Amino acid sequence: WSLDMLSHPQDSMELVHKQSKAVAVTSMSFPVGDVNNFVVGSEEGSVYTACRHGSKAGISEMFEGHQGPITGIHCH
Amino acid sequence: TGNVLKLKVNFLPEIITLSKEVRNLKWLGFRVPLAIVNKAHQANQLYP
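**Comments concerning the overall build of chain B**
A tally of regular secondary structure across chain B gives two helices and zero strands. Principal-axis analysis of the C-alpha atoms gives chain B an extent of 50 × 20 × 15 Å.

**Remarks on the overall build of chain A**
Tallying secondary structure elements over chain A gives zero helices and two strands in all. A compact globule built from 76 residues would reach a C-alpha radius of gyration of about 11 Å, and chain A, at 12 Å, matches this within 12%. Expressed along its principal axes, the backbone C-alpha trace of chain A runs to roughly 40 × 35 × 20 Å. Here the contacts in chain A between residues at least 6 apart in sequence split such that 38% fall between residues at least 24 apart.

**Focus: unusual backbone geometry**
Residue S46 of chain A is not a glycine yet carries a positive backbone phi of 50 degrees. Within the secondary structure layout, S46 of chain A lies in the loop between β1 (38–41) and β2 (47–50). The backbone of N3 of chain B shows a phi angle near 60 degrees, a positive value even though the residue is not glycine. The topology assignment puts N3 of chain B in the segment before α1 (15–27).

**Section: the pairing of β1 of chain A**
Residues and elements named next belong to chain A. Alignment of β1 against β2, held across four bridges, turns out to be antiparallel. When the sheet's bridge partners are listed, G41 is paired in β2 with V47. Between β1 and β2, which pair antiparallel in sequence order, lie five residues; one of them, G45, sits at a positive phi of approximately 60 degrees.

**Quick look at the interface of chain A and chain B**
The interface of chain A with chain B comprises seven residues on the first partner and seven residues on the second. Looking at the side of chain A that touches chain B residue by residue, the class counts come to three nonpolar, one polar and three charged.

Parameters and conventions
Residues numbered from 1 in each chain as written, not as in the entry; some residues may be left out. Chains lettered and ligands numbered in written order. Part of a larger assembly, values for the part shown. Heavy atoms only, no water. Residues with missing side-chain atoms left out of burial classes, pairs and counts. Helix = DSSP H or I, 4+ residues; strand = E, 2+ residues; numbered from the N terminus. Rg over C-alpha atoms; globule rule 2.2 N^0.38 Å. Contact = heavy atoms within 4.5 Å. Pairing = 2+ DSSP bridges. Nonpolar A, V, L, I, M, F, W, Y, C, P; charged D, E, K, R; others polar.

Here it is as structure tokens:
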């Protein structure tokens, strides 16, 4: 959401498709050091590089690797 | 004492179940029943 506009989270950059499922992200933190990579880490790895918009705000360049729920998700 | 009353809802009825359901549909629809899958379909984008 915007810094002044947070009456609803506007930029709903869903790091999933538009199907019918609770495709969650375990402890999906953004990248540490302000690299802004909102790593949406699903229950079976899939640490999606969920960004703001474009054709890369999700699981396109998924920086996964976690054997299980990718929870500690924050870059260097 | 005094027959006073607070309020409550049914969102709290599946807190840990919603956490497990979110993780289940997060990976692939984990080892749960079919009714749990239908409940996940009717609750995933409906918990608001």
